[PDB]
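>>> quick one: initial chain(s) of a complex, as found there:
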Amino acid sequence: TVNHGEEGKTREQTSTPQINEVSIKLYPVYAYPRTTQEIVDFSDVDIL
């Protein structure tokens, strides 16, 4: 806040600015595809 006051009028304590803290947590977006060894070995696509 910014106060106005006057000539010869005492000055009140203005409220100090506030600070906010955003906690951006990290979280693992994992992929766990259980492919069989059958597909990898049999196919010529190299499915990995």
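Everything's here; your move. Numbering: from 1, shown residues only, chains lettered A, B, ... in the order given.
>>> ok, how many other residues are close to residue A:13?
By the criterion of other Cβ atoms under 10 Å, residue A:13 has 7 neighbours. (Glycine included, C-beta is placed from N, CA and C.)
>>> ditto for residue A:17
6.
>>> Ok, the one 10 residues further on next?
Neighbour count of residue A:27, defined by other Cβ under 10 Å: 5.
>>> Distance of it relative to residue A:42?
Per Cβ to Cβ, to the nearest Å, residue A:27 is found 36 Å from residue A:42.
>>> try residue A:12
From residue A:12 to residue A:42 the distance is 82 Å (Cβ to Cβ).
>>> and if you look at residue A:7?
On the measure of Cβ to Cβ, residue A:7 and residue A:42 end up 93 Å apart.
>>> Which one's more surrounded, these two?
Neighbour count, other Cβ under 10 Å: between residue A:7 and residue A:42, residue A:42 has more, with 10 against 4.
>>> let's put chain B on the structure above:
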Amino acid sequence: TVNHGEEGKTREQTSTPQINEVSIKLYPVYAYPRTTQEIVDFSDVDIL
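Chain B goes in next, on the same frame as the chains above:
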């Protein structure tokens, strides 16, 4: 003091001179005029 002593009479004790202390205490004399910063800024004459 000085005695007008004589011949037969003995010389009694004369009163010694007294010394006086003058205690001139240093006291503060002060002016504490509250001027508004407004008057300092706005006066055409150097108000301070």
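>>> residues touching residue A:19, list them.
Listed by Cβ atoms under 8 Å, 6 or more residues apart in numbering or on different chains, residue A:19 has no contact partners.
>>> What secondary structure category should be reported for the spatially most central residue of chain A?
Geometric centre of chain A, nearest residue: residue A:24, 2.5 Å, by Cα atoms, centre = their mean. Secondary structure state of residue A:24, per DSSP: H, G, I helix; E, B strand; the rest coil, is coil.
>>> okay but residue A:40 is in contact with residue A:33, surely?
No: contact criterion Cβ atoms under 8 Å: residue A:40 and residue A:33 do not qualify, at 11.8 Å.
>>> Could I get the full set of helices for chain A?
A:37-42 (DSSP state H).
>>> Need the outlier residue of chain A, farthest from its centre.
Residue farthest from the centre of chain A, counting by Cα atoms, centre = their mean, is residue A:8 at 49.0 Å.
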